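Just so you know, structure 1 and structure 2 below are the same protein chain in two forms, each on its own as structure tokens.
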Structure 1
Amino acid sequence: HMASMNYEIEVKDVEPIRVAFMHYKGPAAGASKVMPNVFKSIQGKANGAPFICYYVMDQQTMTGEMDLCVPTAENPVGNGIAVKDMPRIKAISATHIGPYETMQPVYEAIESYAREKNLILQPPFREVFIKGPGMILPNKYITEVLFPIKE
């Protein structure tokens, strides 16, 4: 009867995911210019929620190094876009509702949870864009953080 009052923090087994992706380094801003190029390369045939895998992220400078990923069965057309399987992870999952650029309380809750359950966090982490109002408009955005743990 209760759903996403809190961050619904749990440990999940996430199986490998075939993605079309672009590796991006620069302002978290300039990533949104790319994520559409991924969709177009695979004729917009996603078979899962798009996500960003963060290898490096500084929220003080809001710049980082990341994979912009769209789960797909398709072969990408138009170079820059490649396909790989994102690896199996055992991850702390947190579900965030609303504006998603920083989500400091979510990452603090994940860190506190990890210490409580004696889990060791292992980058890289993912932000999964489950839902949102779409392209005709944010208090409705659903973003799942997946932070891998050491097994």
Structure 2
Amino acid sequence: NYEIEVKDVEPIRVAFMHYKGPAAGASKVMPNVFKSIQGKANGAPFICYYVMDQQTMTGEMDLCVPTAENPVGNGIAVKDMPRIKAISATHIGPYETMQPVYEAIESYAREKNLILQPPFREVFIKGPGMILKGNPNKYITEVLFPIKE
């Protein structure tokens, strides 16, 4: 049970950097976004996935931290992330266990005659800290997959 529902997700101003490579490796790079705004986030950090492969878990994505601040850091800039009408699925546990969440979103979309519209997002509601890793078994990750409206 991934608590699947359709959400009206409002626009978000983010500090971000572009990242190309394995999604798992993004966690080493995300701290640079927080450091650029002196940790002054006004929302949960997330990845916006533009090009991704489910099997290789590698592609092109933006590492995003919601903020009102002007970032100062190499390769950090600001994007106004657009409003999305999105399928929301919530995953509890480590990031390695998340392919089934996407299968559940695809099934839900197919059954409700909704058309998936990348890019999609993983929102780290409860995840690793900059220093403290915490318990990956209790991580809360919200997948937001936009649909055609």
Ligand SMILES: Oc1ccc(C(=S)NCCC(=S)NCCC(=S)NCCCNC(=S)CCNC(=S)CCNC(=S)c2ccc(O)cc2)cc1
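Note that the rigid core is defined as the largest set of C-alphas that superpose within 1.5 Å between two forms. Throughout, residue numbering runs from 1 along the sequence of structure 1. Residues that one form lacks are left out of the comparison.
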property: Panel number for the form solved in complex with the ligand; result: 2
property: Angstrom shift of the Cα atom of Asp58 between structure 1 and structure 2 (superposition on rigid core); result: 1.5
property: Shift in Å of the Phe39 Cα between structure 1 and structure 2 [rigid core superposition]; result: 0.3
property: Distance the CA of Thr102 travels between structure 1 and structure 2 [rigid core superposed, Å]; result: 5.6
property: Mobile segments between structure 1 and structure 2 [3+ consecutive residues, each C-alpha shifted 2 angstroms or more, core superposed]; result: 27 to 30, 59 to 62, 132 to 137
